[PDB]
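Protein chains in written order, with our numbering: chain L, 2 to 319; chain W, 2 to 319. To start, the structure under review is shown below, and the notes come after it.
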Ligand SMILES: NC(=O)c1ccc[n+]([C@@H]2O[C@H](COP(=O)([O-])OP(=O)(O)OC[C@H]3O[C@@H](n4cnc5c(N)ncnc54)[C@H](O)[C@@H]3O)[C@@H](O)[C@H]2O)c1
Ligand SMILES: NC(=O)c1ccc[n+]([C@@H]2O[C@H](COP(=O)([O-])OP(=O)(O)OC[C@H]3O[C@@H](n4cnc5c(N)ncnc54)[C@H](O)[C@@H]3O)[C@@H](O)[C@H]2O)c1
Ligand SMILES: NC(=O)c1ccc[n+]([C@@H]2O[C@H](COP(=O)([O-])OP(=O)(O)OC[C@H]3O[C@@H](n4cnc5c(N)ncnc54)[C@H](O)[C@@H]3O)[C@@H](O)[C@H]2O)c1
Ligand SMILES: NC(=O)c1ccc[n+]([C@@H]2O[C@H](COP(=O)([O-])OP(=O)(O)OC[C@H]3O[C@@H](n4cnc5c(N)ncnc54)[C@H](O)[C@@H]3O)[C@@H](O)[C@H]2O)c1
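Below is the structure:
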């Protein structure tokens, strides 16, 4: 009595759901296919970015729970569920460890000039060791923008294990949270820009953070400093980032998120040896996919058994 | 009087020697320049790889201490110094943090397939994200070969911060050292090979460890496992490593040390996308150079004051 609008990130969530419910799978949804199989179901799983409009909720009679595939909920008609007594739940933060490790990977890679030194050896220029010198992270200053799930885990590892001085900028967290991860929360963003040897951004994308890192920000940063962005592409005004690299306002950057996405085949950032990329894979591990599949599949069984799930979007229904 | 055959890695070691001794510096030393300036000095610092033969030792009348720039001592005639009552000291272990960070850099890089994913994006193959999936380190098993200065620091960070199960193989270490870094010391090496998802080498190069990682070792390793070598090139028999990669006995490797060194323009390892390189820079940071310069400069002053230095190579002179 459950419909899967799109496949889950891991098959374990499908096997678990088949233990307790009659499961139906729609693989590539169109405007008409969804409804003719949604009219009688009691639970629905929506894969981002597939959309679920008011026409779909109106036809699902026994529907009691809507679950997204991840944090994204913009494609779902929340209003149609709050009035009808339907609880809607998302699955956020289940790739926190993945991006935390991925962020660390890019900080170390920039410090050890990894991708550059790899090509030099691969092209027989092993003697580049006489001209290039890596950087030791122990003792350097890390600037964390956004002390959320990822920012805290990154801060915790860099301050204690890597023995870095971690500054944090996040006005929406209690003043005592930065001390729990041995970081120092600051109130002025300019202070974090001038003092950091590395700047890694993990904030939510808001109207405030949209293009928060423009040319005005890059000027304040040390010329030897580096930028890491695993959050969202729009957080950095990319032309100003191209300017900072070319005019050497910063020593380099590591980029997992782009604007626009996907980045064009001839992105000007590709030319620089001090900029490295990953194709938006920071939170894409097999383990993270299982967690999203489990959390989404399991919260379905919670509502069908009367238990309050942890990630309700409309609390006015409980 | 103290002679510097070559500059120290940092000027701080030279300033310290000038505080207490009459210091002379030869920047690009020749064999005959050494002879004409060593006759009256009482301490000498030799920058690798310059050689100090019996002819130079024989001409140094007031000589009481010889200090190398690092761990390397093969260019010094120890026998000719041991006979004349001259103490020889090296400078090992002064880049422990550097190699620890560099080792971590390569473990993360392999897990996130960094250089491969970097080239794909830079060449317009951004859609490689649909075919390749990174690895999450949390929960995987790290096999540390050699639980010394570097092996312990790598173990401590990987066990607690990165949340890995850390195994260690080292028959010459007390059983309780692995517990101080939240690792598990094992007595059978085969156990570490079969259980590890990552194997990182940090042993001393002895006749026991010489080519310790041959084809028999690679067969026991998981096909999904990776190899990291920042210790010495002879610890891995390079042909067997080339075979293991090509026959897919292991998932990849990271190499900072080679045998032979330097690697040629046509090293067979270069063809593979799952093998990454650094040109023997794991322990080469500005901080590491300062520490080595201090230790080398300090052991010179220690012998000139009658104090026993900690890194004597020929203890039979004391
Ligand atoms: N991929 C990365 O993560 C990363 C990060 C930082 C720097 N780099 C690269 O590493 C190199 C060193 O970093 P830096 O900040 O000290 O730059 P730098 O210009 O301040 O000093 C680098 C030295 O190495 C020499 N050199 C640099 N690039 C070379 C090349 N392609 N071929 C031959 N010789 C070269 C230069 O003559 C210079 O003296 C730069 O080319 C930079 O683009 C790469
Ligand atoms: N590259 C990937 O694969 C990937 C995966 C997951 C998440 N992300 C992104 O990484 C980022 C971090 O994720 P998260 O789980 O930590 O989110 P989160 O909700 O846990 O934390 C976001 C933080 O941003 C802070 N913040 C809000 N406005 C700010 C501002 N003006 N200045 C500074 N800080 C501000 C908030 O107080 C919050 O603590 C998000 O933007 C998310 O979309 C990327
Ligand atoms: N740190 C690194 O640089 C690193 C580490 C491991 C693997 N790799 C590379 O990543 C790729 C995938 O890793 P794997 O161990 O899972 O290999 P795999 O043989 O287990 O299969 C990988 C999957 O991705 C696809 N794929 C593999 N190589 C591809 C390529 N060059 N272009 C497009 N699609 C490809 C295949 O269709 C397959 O389904 C391999 O090419 C491997 O050499 C790089
Ligand atoms: N730039 C570089 O890449 C760089 C820098 C420094 C050192 N190194 C090399 O890496 C290693 C540095 O490690 P370290 O500083 O901790 O030295 P270390 O002496 O403190 O540790 C070496 C360990 O090897 C262990 N070992 C000896 N025989 C073994 C065996 N048969 N099996 C397993 N383990 C054995 C010893 O018990 C010892 O603990 C050395 O090989 C050194 O030459 C490389």
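All residues carry an ideal CB built from backbone N, CA and C; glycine is no exception.
Annotation: residue 272 of chain L is outside any beta strand (DSSP E) and is labelled neither H nor E by DSSP.
From the listed residues L:26, L:37, L:130, L:208, the smallest Cα separation to residue 262 of chain W is found for L:130.
Here DSSP, grouped into helix, strand and coil, assigns residue 209 of chain W to coil. Under the three-state reduction of DSSP output, residue 304 of chain L falls in the helix class. Its chain contains 99 as the residues whose beta carbon lies nearer than 6 Å to that of residue 286 of chain L, once the 5 sequence neighbours on both sides are disregarded; these appear in chain order. Contact annotation: in the segment 75-106 of chain W, residues whose CB is within less than 7 Å of a CB in chain L are 98, 99, 102, 103, 105, 106. According to the DSSP assignment, residue 170 of chain W belongs to the beta strand (DSSP E) that extends over 166-170.
Buried is the label assigned to residue 280 of chain L, since at least 16 other Cβ atoms lie within 10 Å of its Cβ. In this structure, residue 226 of chain L keeps its C-beta atom at 8 Å or more from the C-beta atom of residue 243 of chain L. Distance from the CA atom of residue 301 of chain W to the CA atom of residue 272 of chain W, rounded to whole angstroms, is 47 Å. For residue 283 of chain W, the Cβ falls inside the 7 Å cut-off from some heavy atom of ligand 4.
Residue 206 of chain W and residue 236 of chain W do touch by the CB rule: their CB atoms are close to 6 Å apart, below 8 Å. Separation of residue 29 of chain L and residue 196 of chain L (C-alpha to C-alpha, rounded to the nearest whole angstrom) is 50 Å. Note: residue 101 of chain L is not bridge-paired with any residue in the DSSP secondary-structure output. When DSSP states are grouped into helix, strand and coil, residue 254 of chain L belongs to the strand group. For the segment 237-262 of chain W, the set of positions with a beta-carbon nearer than 7 Å to some beta-carbon of chain L is empty.
Between the C-alpha atoms of residue 110 of chain L and residue 275 of chain W there is a straight-line separation of about 16 Å. Interface with chain W (8 Å Cβ-Cβ cutoff): residue 288 of chain L is included. Residue pairing by DSSP places residue 45 of chain W opposite W:4, W:67 in a beta bridge. In the DSSP annotation of this structure, residue 72 of chain L is not part of any alpha helix (DSSP H), being labelled neither H nor E. Annotated as proximal: residue 148 of chain W and residue 179 of chain W, with beta-carbon spacing under 8 Å.
With 16 or more neighbouring CB atoms inside 10 Å of its own CB, residue 298 of chain W falls in the buried class. In the DSSP annotation of this structure, the continuous segment of the beta strand (DSSP E) that includes residue 185 of chain W starts and ends at 185-187.
At the C-beta level, residue 83 of chain W and residue 315 of chain W come within 8 Å of one another. Contact note: residue 280 of chain L reaches chain W through 118, 121, 122, 127, 128, 129, 130, using a C-beta cutoff of 8 Å and chain order. Per DSSP, the continuous alpha helix (DSSP H) segment holding residue 59 of chain L begins and ends at 55-60. For residue 201 of chain L, the enclosing beta strand (DSSP E) covers residues 199-202. With fewer than 16 other Cβ atoms inside 10 Å of its own Cβ, residue 211 of chain L counts as exposed.
For residue 184 of chain W against residue 168 of chain W, the beta-carbon gap comes to about 7 Å, under 8 Å, which counts as contact.
Using a Cβ-Cβ cut-off of 8 Å, residue 285 of chain W is close to 130, 134, 135 of chain L, given in chain order.
Contact between the segment 65-80 of chain W and the segment 119-126 of chain W is absent, with fewer than three C-beta pairs closer than 8 Å. Between the alpha carbons of residue 190 of chain W and residue 141 of chain W lies a distance of about 18 Å. Around the CB of residue 63 of chain L, fewer than 16 other CB atoms lie within 10 Å, so the residue is classed as exposed. Going by C-alpha positions, residue 228 of chain W is about 11 Å away from residue 257 of chain W.
The residue from W:208, W:80, W:264, W:224 with its alpha-carbon nearest to that of residue 254 of chain W is W:224.
In the three-state DSSP reduction, residue 314 of chain W falls in the coil class, being neither helix nor strand.
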